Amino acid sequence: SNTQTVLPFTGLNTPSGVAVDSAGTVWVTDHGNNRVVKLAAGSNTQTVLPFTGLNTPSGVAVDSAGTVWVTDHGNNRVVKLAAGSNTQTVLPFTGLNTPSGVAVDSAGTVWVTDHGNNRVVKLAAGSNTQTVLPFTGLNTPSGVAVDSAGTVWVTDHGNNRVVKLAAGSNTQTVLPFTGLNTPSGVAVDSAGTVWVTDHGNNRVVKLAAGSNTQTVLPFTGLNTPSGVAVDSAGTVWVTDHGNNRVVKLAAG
């Protein structure tokens, strides 16, 4: 489409990340206000999740159970709230430094871009020992997305590239995006399409599966877009960080 919708969040400051579930509820890390906001599917009024003590939260992920995970960037930790709960838990990652993004799958595995350590880590559900993924040469990685097959995509911000690892692979693959600058976030669908917030170029790009054709989505008025989420229909949500707003565009 050529119709972009501003979601009725209020009072955002430098929003950093966005997640959308299968019901169409939208969660946003409202970075500059140290809070996570939500627009429940069917509602026109946001709520603020009962996390406590966040500092510059950088990213959010949600599963089908409605559990919400947040990279609490300024406190070097990842926090979680189960649906209905008013008290968060802290995941047993170790040695994180200003983590920038998070993704989860249906088994409960949690992946984190450990930005300040130039690495990506994961916790299998139940694990007390994170795994360092076999990426190499990352610089200030900014975001992560996973699919149902366990493939992981990472925006390697400092090197202007997107890298992926399939489950069981120990060889990283650099995707055929071109012309990226300081890319900030990544999203994927189950058709293999990859979307990136190409922050430095104020644009959102799509890489089509197979053809590897790269197109620019016709958002308008973006500035320093910070994060992205997609649904199965190809609707794309973007945290338009420089304008303190969240916008969406339906496919085509």
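The first residue of the shown sequence is 1; numbering continues from there.
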{"item": "Mean C-alpha temperature factor, higher of 230-238 and 5-13", "value": "230-238"}
{"item": "Of 76-84 and 122-130, the one with larger mean CA B-factor", "value": "122-130"}
{"item": "Criterion, highest CA B-factor; candidates, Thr56, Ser184, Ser211, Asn202", "value": "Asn202"}
{"item": "Residue of maximum C-alpha B factor among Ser142, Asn97, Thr94, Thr71, per deposited coordinates", "value": "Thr94"}
{"item": "Relative C-alpha B-factor of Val90, binned into the chain's lowest, middle or highest third", "value": "middle"}
{"item": "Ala19 - Cα temperature factor, lowest/middle/highest third of chain", "value": "middle"}
{"item": "Chain thirds of CA B-factor: placement of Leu180", "value": "middle"}
{"item": "Chain thirds of CA B-factor: placement of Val216", "value": "middle"}
{"item": "Among modelled residues of the same chain, the CA temperature factor third for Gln172", "value": "middle"}
